[PDB]
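J.: Sharing model-v9.pdb here; it has PDB, C-alpha atoms (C1' of nucleotides).
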ATOM      1  CA  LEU K 259     -36.346  46.622 -57.584  1.00  0.00           C
ATOM      2  CA  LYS K 260     -35.881  48.660 -60.765  1.00  0.00           C
ATOM      3  CA  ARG K 261     -32.650  49.980 -59.275  1.00  0.00           C
ATOM      4  CA  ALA K 262     -31.633  46.336 -58.801  1.00  0.00           C
ATOM      5  CA  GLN K 263     -32.058  45.775 -62.578  1.00  0.00           C
ATOM      6  CA  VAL K 264     -35.062  43.508 -61.905  1.00  0.00           C
ATOM      7  CA  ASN K 265     -37.233  43.945 -64.997  1.00  0.00           C
ATOM      8  CA  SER K 266     -39.358  40.776 -65.213  1.00  0.00           C
ATOM      9  CA  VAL K 267     -41.305  38.512 -62.883  1.00  0.00           C
ATOM     10  CA  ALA K 268     -38.784  35.841 -63.866  1.00  0.00           C
ATOM     11  CA  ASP K 269     -35.988  38.073 -62.567  1.00  0.00           C
ATOM     12  CA  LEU K 270     -37.832  38.533 -59.288  1.00  0.00           C
ATOM     13  CA  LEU K 271     -38.431  34.776 -59.110  1.00  0.00           C
ATOM     14  CA  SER K 272     -34.662  34.415 -59.436  1.00  0.00           C
ATOM     15  CA  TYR K 273     -34.364  36.044 -55.998  1.00  0.00           C
ATOM     16  CA  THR K 274     -35.093  34.337 -52.702  1.00  0.00           C
ATOM     17  CA  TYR K 275     -36.791  36.069 -49.789  1.00  0.00           C
ATOM     18  CA  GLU K 276     -33.320  36.491 -48.321  1.00  0.00           C
ATOM     19  CA  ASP K 277     -32.019  37.956 -51.574  1.00  0.00           C
ATOM     20  CA  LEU K 278     -35.036  40.260 -51.491  1.00  0.00           C
ATOM     21  CA  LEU K 279     -34.112  41.343 -47.965  1.00  0.00           C
ATOM     22  CA  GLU K 280     -30.568  42.026 -49.162  1.00  0.00           C
ATOM     23  CA  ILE K 281     -31.907  44.571 -51.644  1.00  0.00           C
ATOM     24  CA  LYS K 282     -30.776  48.008 -50.480  1.00  0.00           C
ATOM     25  CA  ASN K 283     -33.548  49.739 -48.490  1.00  0.00           C
ATOM     26  CA  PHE K 284     -35.917  46.840 -49.158  1.00  0.00           C
ATOM     27  CA  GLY K 285     -37.620  45.977 -45.882  1.00  0.00           C
ATOM     28  CA  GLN K 286     -39.675  43.052 -44.648  1.00  0.00           C
ATOM     29  CA  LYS K 287     -42.916  44.957 -45.235  1.00  0.00           C
ATOM     30  CA  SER K 288     -41.936  45.506 -48.873  1.00  0.00           C
ATOM     31  CA  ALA K 289     -41.070  41.830 -49.324  1.00  0.00           C
ATOM     32  CA  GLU K 290     -44.464  40.959 -47.860  1.00  0.00           C
ATOM     33  CA  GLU K 291     -46.010  43.392 -50.338  1.00  0.00           C
ATOM     34  CA  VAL K 292     -44.245  41.586 -53.182  1.00  0.00           C
ATOM     35  CA  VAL K 293     -45.411  38.197 -51.898  1.00  0.00           C
ATOM     36  CA  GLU K 294     -48.988  39.477 -51.681  1.00  0.00           C
ATOM     37  CA  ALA K 295     -48.742  40.856 -55.225  1.00  0.00           C
ATOM     38  CA  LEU K 296     -47.443  37.533 -56.529  1.00  0.00           C
ATOM     39  CA  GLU K 297     -50.292  35.772 -54.749  1.00  0.00           C
ATOM     40  CA  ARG K 298     -52.570  38.285 -56.471  1.00  0.00           C
ATOM     41  CA  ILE K 299     -51.176  36.893 -59.728  1.00  0.00           C
ATOM     42  CA  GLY K 300     -51.121  33.357 -58.314  1.00  0.00           C
TER      43      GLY K 300
ATOM     44  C1'  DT J   1     -52.455  88.757 -65.462  1.00  0.00           C
ATOM     45  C1'  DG J   2     -52.847  84.068 -65.652  1.00  0.00           C
ATOM     46  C1'  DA J   3     -50.564  80.078 -65.740  1.00  0.00           C
ATOM     47  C1'  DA J   4     -47.184  76.562 -66.186  1.00  0.00           C
ATOM     48  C1'  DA J   5     -43.125  74.437 -63.698  1.00  0.00           C
ATOM     49  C1'  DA J   6     -39.878  74.028 -60.441  1.00  0.00           C
ATOM     50  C1'  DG J   7     -38.674  74.047 -55.649  1.00  0.00           C
ATOM     51  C1'  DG J   8     -39.810  73.804 -50.872  1.00  0.00           C
ATOM     52  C1'  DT J   9     -41.625  72.084 -45.972  1.00  0.00           C
ATOM     53  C1'  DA J  10     -43.878  69.220 -42.746  1.00  0.00           C
ATOM     54  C1'  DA J  11     -45.226  64.507 -42.124  1.00  0.00           C
ATOM     55  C1'  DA J  12     -45.884  58.882 -41.757  1.00  0.00           C
ATOM     56  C1'  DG J  13     -43.682  55.393 -42.304  1.00  0.00           C
ATOM     57  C1'  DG J  14     -40.254  52.370 -43.168  1.00  0.00           C
ATOM     58  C1'  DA J  15     -35.316  50.765 -43.043  1.00  0.00           C
ATOM     59  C1'  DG J  16     -31.333  50.305 -40.606  1.00  0.00           C
ATOM     60  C1'  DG J  17     -28.124  50.544 -37.093  1.00  0.00           C
ATOM     61  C1'  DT J  18     -27.388  50.526 -32.394  1.00  0.00           C
ATOM     62  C1'  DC J  19     -28.247  49.313 -27.979  1.00  0.00           C
ATOM     63  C1'  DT J  20     -30.313  46.193 -23.697  1.00  0.00           C
ATOM     64  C1'  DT J  21     -30.961  41.341 -21.113  1.00  0.00           C
ATOM     65  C1'  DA J  22     -31.510  35.376 -19.838  1.00  0.00           C
ATOM     66  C1'  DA J  23     -28.752  31.159 -21.181  1.00  0.00           C
ATOM     67  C1'  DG J  24     -24.845  29.109 -21.697  1.00  0.00           C
ATOM     68  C1'  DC J  25     -20.216  28.299 -22.288  1.00  0.00           C
ATOM     69  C1'  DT J  26     -15.000  27.958 -21.858  1.00  0.00           C
ATOM     70  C1'  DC J  27     -10.905  29.933 -20.281  1.00  0.00           C
ATOM     71  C1'  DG J  28      -7.334  31.391 -17.403  1.00  0.00           C
ATOM     72  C1'  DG J  29      -5.554  31.576 -12.965  1.00  0.00           C
ATOM     73  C1'  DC J  30      -4.445  29.464  -8.858  1.00  0.00           C
ATOM     74  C1'  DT J  31      -2.731  25.686  -6.306  1.00  0.00           C
ATOM     75  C1'  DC J  32      -0.022  21.811  -5.982  1.00  0.00           C
ATOM     76  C1'  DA J  33       1.719  17.179  -6.947  1.00  0.00           C
ATOM     77  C1'  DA J  34       4.542  15.580 -10.102  1.00  0.00           C
ATOM     78  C1'  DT J  35       7.724  15.308 -11.982  1.00  0.00           C
ATOM     79  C1'  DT J  36      12.412  16.467 -16.553  1.00  0.00           C
ATOM     80  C1'  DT J  37      17.058  19.666 -16.947  1.00  0.00           C
ATOM     81  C1'  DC J  38      21.208  21.240 -14.793  1.00  0.00           C
ATOM     82  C1'  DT J  39      25.303  21.380 -12.419  1.00  0.00           C
ATOM     83  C1'  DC J  40      28.455  19.923  -9.307  1.00  0.00           C
ATOM     84  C1'  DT J  41      31.026  15.752  -7.786  1.00  0.00           C
ATOM     85  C1'  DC J  42      32.993  11.198  -8.374  1.00  0.00           C
ATOM     86  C1'  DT J  43      34.142   7.689 -10.895  1.00  0.00           C
ATOM     87  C1'  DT J  44      35.271   4.863 -14.563  1.00  0.00           C
ATOM     88  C1'  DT J  45      36.550   3.684 -18.417  1.00  0.00           C
ATOM     89  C1'  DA J  46      38.915   4.980 -23.463  1.00  0.00           C
ATOM     90  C1'  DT J  47      43.151   5.821 -25.424  1.00  0.00           C
ATOM     91  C1'  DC J  48      48.052   6.106 -25.685  1.00  0.00           C
ATOM     92  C1'  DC J  49      52.870   5.072 -24.254  1.00  0.00           C
ATOM     93  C1'  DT J  50      56.900   1.910 -22.929  1.00  0.00           C
ATOM     94  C1'  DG J  51      58.945  -2.380 -22.274  1.00  0.00           C
ATOM     95  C1'  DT J  52      59.840  -8.212 -23.132  1.00  0.00           C
ATOM     96  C1'  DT J  53      66.160 -11.391 -22.585  1.00  0.00           C
ATOM     97  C1'  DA J  54      67.263 -19.391 -24.513  1.00  0.00           C
ATOM     98  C1'  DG J  55      67.644 -19.035 -30.009  1.00  0.00           C
ATOM     99  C1'  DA J  56      66.024 -17.926 -34.114  1.00  0.00           C
ATOM    100  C1'  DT J  57      68.577 -14.404 -39.545  1.00  0.00           C
ATOM    101  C1'  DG J  58      66.317 -14.263 -47.987  1.00  0.00           C
ATOM    102  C1'  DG J  59      58.685 -15.359 -50.235  1.00  0.00           C
ATOM    103  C1'  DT J  60      54.134 -17.786 -52.329  1.00  0.00           C
ATOM    104  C1'  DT J  61      51.525 -17.991 -55.340  1.00  0.00           C
TER     105       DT J  61
END
Kindly return the structure encoded in the file as structure tokens.
T.:
Amino acid sequence: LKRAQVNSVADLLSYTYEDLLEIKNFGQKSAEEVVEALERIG
DNA sequence: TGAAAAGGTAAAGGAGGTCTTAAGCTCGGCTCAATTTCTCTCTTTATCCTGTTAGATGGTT
């Protein structure tokens, strides 16, 4: 994510799950991890 | 001599590309009626040429 210039939660919220899967070497398990972390912050 | 401080090695796990099948389609070939060109004949017109024996003899607007 930091390689993708994503620096804020707003920036990450600007990406869809598909855009997250397009991130180079980002896999489904890592997208799930991000979803779980966001749920951890509601 | 002890101790940073960097540099290796062996994993675990994931990420990513590359392979395999059940479902379905549509695509070309093959046959095979079904016809539009083509090329001859075979005509049939389309176009040009010549002649015509009562007598006639200077314009309209």
J.: Report as a PyMOL selection string all protein, DNA and RNA residues lying within 12 Å of residue 299 (chain K), evaluated on all atoms listed in the file, omitting residues in the same chain fewer than 6 positions from it.
T.: chain K and resi 267+292-293
J.: Between J:14, J:24, J:2, J:8, which is the closest to chain K once you count all atoms listed in the file?
T.: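 The closest residue to chain K is J:14.
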J.: So which residues get picked by the PyMOL selection byres ((chain J) within 12 of (chain K)) here, written as a list in words?
T.: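 That selection, the PyMOL selection byres ((chain J) within 12 of (chain K)), comes back as residues 13, 14, 15 and 16 of chain J.
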J.: Can you tell me how far CA of residue 289 (chain K) sits from CA of residue 276 (chain K), in Å to one decimal?
T.: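 Rounded to one decimal, the two atoms are 9.5 Å apart.
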J.: Determine the nearest neighbour of residue 278 (chain K) from the options K:259, K:266, K:300, K:295, counting all atoms listed in the file.
T.: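 When distances to residue 278 (chain K) are compared using all atoms listed in the file, the smallest one comes from K:259.
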J.: Record the distance separating CA of residue 277 (chain K) and CA of residue 298 (chain K), expressed in Å with one decimal.
T.: 21.1 Å
